[PDB]
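>>> below is the structure, and that's it, no one-letter string:
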């Protein structure tokens, strides 16, 4: 009963100091876990989404929604704790060019979820509006056997909801290019839409 | 009087407040009913126009007095997801946000910390208002102590 | 006095040039009258009107507020209308600011950026003329204010100003500057005749639409709605209101 959408509550300033009900904290406090306890919950994502899905494509694009609802949380956290609350800072750049947020995702999102920075970030040289991001080892899909890459898409929805809430409407698609002795190399191609494309030209 | 609002992605509001001095207790006399949301929704657009400008009309988070209309200035803050913290200031004479410009930058950062703290609840979707009794005390103690 | 004869010439000159400025119609094509203040020139009605307005504005700037600002606006309108005809009045029209740059300050030679500077100085001269009695004529001696006739100058200033912004990637005038230079009139707007107040909000909606500001449009149509509701007289149905309610 604070913001109803029926009205704007009109309340006078400089009232009393009220009681304190719930107080949280926001710094990182780098607390670890075991990769088995992650991979068990990832296979319990997939062991229900195999059950309540009829074809492949809607399984793809509702495994992606779980990653969407981690990406739109994580975008507001990572810049805000990288620019550093009551230890008052000077805030971050709020990046607004497509190869200034790709450097941020490439060097900080993958260094946040995973221990290492992702290795390469490859422009599609022979055309425009495709932007590859690769690694050498997807450490969440690494217990899936076979070759079909539907089980990839929980990480790629983390990418897509990172950009869709950043003002950059895109669409990701993952593929597998087994280059060299890295048999699981697993490119994602970020593929921005047409209606964004004029705006960074002007 | 002061009007403060958090405007969402589709321009749908998620927090909506006014707070004002006790000299004029019924604040914003015949503007709060009929101009005060219109000037907010009308002057979202220059804040939206300023989100893709590198230099204004090397921080790009705080924005100054972006509009001045009948002697009411508004101030803005474009967060990382794009929720914009626009706030209308009203007075008797020509109000100055320049006396609080060093101050209330740490009012926008200290409400953006509260928005990040209420984003992390996984039950909280986007495009629904903040029905939080904790949020009101957490914003009005900040409004009382730091104006 | 010398100021009395200068006031007589200041009353004479601008009106003596204004009807010859108003003696142009479809660039004066085959209208040979009795040749008493109707020359019917081929392509020099703008040139003769510009020479008349140049002499009149020179005499009024030598007699230097309200009629001075109207004289400077008349010289600006004569230069703009002479440039609007594709003619040879370019160097003569640019050098025709001999008293306009003495009382005003044009100091340019571009496509109406000189007229932008002259229009800003004309609004500054009308703002200096606001520091006077509210109405200086005979029938305008107990009128509203100078606030009902400054507004007709700056709304046609905006109407002439925003057309320089054609949408493309060259912008002749940055997009924010006429958005700034239309918000200067927060005059009270409380009382005047209503059919000025429909027209100012309608063209302020149209300048916001051509700039591409799709919520300031909703603001000025809401002001149009509030001004239409509270009028004390009675109005009738017209199909303009149909499409007005449809676009809002």
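Right, received. Where do you want to start? Numbers count the residues shown, from 1 in each chain, chains lettered A, B, ... in the order given.
>>> could you verify my assumption that residue B:67 touches residue B:87?
No: Residue B:67 is beyond contact range of residue B:87, at 11.6 Å (criterion: CB atoms under 8 Å). C-beta here means a position set from N, CA and C on the backbone, and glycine is covered the same way.
>>> mutual contacts of these two, please.
Common contacts of residue B:67 and residue B:87 (CB atoms under 8 Å, 6 or more residues apart in numbering or on different chains): residue B:74.
>>> three-state assignment of the spatially most central residue of chain C?
Among the residues of chain C, the one closest to the centroid is residue C:153, at 4.1 Å (CA atoms, centre = their mean). Assigned by DSSP: H, G, I helix; E, B strand; the rest coil, the conformation of residue C:153 is helix.
>>> what count of nearby residues applies to whichever residue of chain C sits closest to chain A?
Taking CB to the nearest CB as the measure, the point where chain C comes nearest chain A is residue C:169, at 5.9 Å. Other residues lying near residue C:169 total 6 when counted by other CB atoms under 10 Å in any protein chain shown.
>>> SS state for it?
Secondary structure assignment for residue C:169 (three-state DSSP): coil.
>>> now residue C:206
helix.
>>> what do you get for the one 4 residues further on?
Reduced to three states with three-state DSSP, the structure at residue C:210 is helix.
>>> find the nearest non-adjacent residue to it, please.
With sequence-adjacent residues excluded and distances taken as CB to CB, 6 or more residues apart in numbering or on different chains, residue C:210 is closest to residue C:162, at 6.4 Å.
>>> the one you found touches residue C:178, doesn't it?
Yes: assessed by CB under 8 Å, residue C:162 is found in contact with residue C:178 at 5.1 Å.
>>> if I look at the two, which residues touch both of them?
Shared contacts of residue C:162 and residue C:178, defined by CB under 8 Å, 6+ apart, are found at C:207, C:211.
>>> what about the two, which has more around it?
residue C:162 (22 against 18).
>>> the helices in the chain, which residues?
No chain in the question, so chain A it is. Secondary structure of chain A (DSSP state H): helices at A:35-49, A:56-82, A:98-104, A:110-113, A:153-164, A:194-197.
>>> was after chain B, sorry
Counting by DSSP H, the helices of chain B are B:36-42, B:45-49, B:105-119, B:133-146.
>>> what's the shortest one in contact with?
It stands for helix B:45-49. B:63, B:66-67, B:76, B:78, B:84, B:86, C:175-176, C:179, C:213-216.
>>> how about these in TSV, adding neighbour count and distance to chain A?
Putting these into TSV (neighbours: other CB atoms under 10 Å in any protein chain shown; distance: CB to the nearest CB, whole Å) gives the following:
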residue	neighbour count	distance to chain A
B:63	22	11
B:66	17	16
B:67	20	20
B:76	23	13
B:78	21	7
B:84	21	12
B:86	23	14
C:175	15	11
C:176	15	15
C:179	20	18
C:213	22	17
C:214	11	16
C:215	17	18
C:216	25	21
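>>> could you dump those residues into JSON lines and include distance to residue C:200?
As requested, the contacts of helix B:45-49 are exported to JSON lines (distance: CB to CB, whole Å):
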{"residue": "B:63", "distance to residue C:200": "30"}
{"residue": "B:66", "distance to residue C:200": "24"}
{"residue": "B:67", "distance to residue C:200": "20"}
{"residue": "B:76", "distance to residue C:200": "28"}
{"residue": "B:78", "distance to residue C:200": "32"}
{"residue": "B:84", "distance to residue C:200": "30"}
{"residue": "B:86", "distance to residue C:200": "27"}
{"residue": "C:175", "distance to residue C:200": "21"}
{"residue": "C:176", "distance to residue C:200": "21"}
{"residue": "C:179", "distance to residue C:200": "16"}
{"residue": "C:213", "distance to residue C:200": "17"}
{"residue": "C:214", "distance to residue C:200": "20"}
{"residue": "C:215", "distance to residue C:200": "19"}
{"residue": "C:216", "distance to residue C:200": "14"}
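>>> which residues touch residue B:8?
By CB under 8 Å, 6+ apart, the residues touching residue B:8 are B:14, B:83, B:126, B:127.
>>> apart from its neighbours in sequence, what residue is nearest residue C:204?
Distance criterion CB to CB, 6+ apart; nearest residue to residue C:204, sequence neighbours excluded, is residue C:220 at 5.0 Å.
>>> number of residues surrounding the one you found?
Neighbourhood size, residue C:220 [other CB under 10 Å]: 21.
>>> mind listing what's buried in the helix or strand it falls within?
Under the criterion of DSSP states H and E, residue C:220 resides in helix C:216-229. Under the neighbour-count criterion of 16 or more other CB atoms under 10 Å in any protein chain shown, helix C:216-229 has C:216, C:217, C:218, C:219, C:220, C:221, C:222, C:223, C:224 buried.
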